[PDB]
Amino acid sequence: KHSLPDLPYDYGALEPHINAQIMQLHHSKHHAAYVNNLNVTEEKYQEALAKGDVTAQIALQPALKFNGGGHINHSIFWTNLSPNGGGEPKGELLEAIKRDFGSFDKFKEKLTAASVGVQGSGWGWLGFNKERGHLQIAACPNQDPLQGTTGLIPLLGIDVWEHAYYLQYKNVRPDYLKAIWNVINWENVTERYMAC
């Protein structure tokens, strides 16, 4: 079974950039629902697979991608943030950013643009393309996970579902994105980059 990971920090550790109420709801309510629904759905899938029921397997795909994706995305997201985050990357990672995007600022600009431009609910991602060996920016709708649907290895994710910022920034996504740069855990992003 899958389980809700514990936050590596306190709910209010990202203040004033992301207030405690959002973190608490996001983690204990939203993420929890996905994990629970993921376990229920995998349960039904194992049953459909055992009986070789193809129709059931196919009918179950949206639920599995949605809840499975939700679990994967949020688990990575929590580790992407840190009260000691912010600033800029250093070393091999920063070098790859300059190489693939021109400069750190152009990178920020393109990731911010891809994130603000999502129509409806979704995610903005900085991913690694193993085939080409270069960094790449992508946006995924709803809870569609990056690796599972595009093949890219996720390094940094930005949740742009309205529940991720509405209580604090209302309809102004740009403000939310501007603020989230201050708590990004580049140390974690770097580890994910090195791992591949």
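All residue numbers refer to positions in the sequence shown, first residue = 1.
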(request) May I ask you to compare 96-104 and 74-82 by their mean CA B factor in the entry and name the higher one? (result) 96-104
(message) Going by the mean C-alpha B-factor recorded in the entry, which is higher: 129-137 or 150-158?
(response) 129-137
(message) Just to confirm, going by the entry's C-alpha B-factors, which of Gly120, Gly117, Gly124, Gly91 comes out highest?
(response) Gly91
(message) Highest Cα temperature factor in the entry, among the options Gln168, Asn37, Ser28, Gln46: which one is it?
(response) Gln46
(message) Splitting the chain's C-alpha B-factors into thirds, which one does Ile58 fall into?
(response) lowest
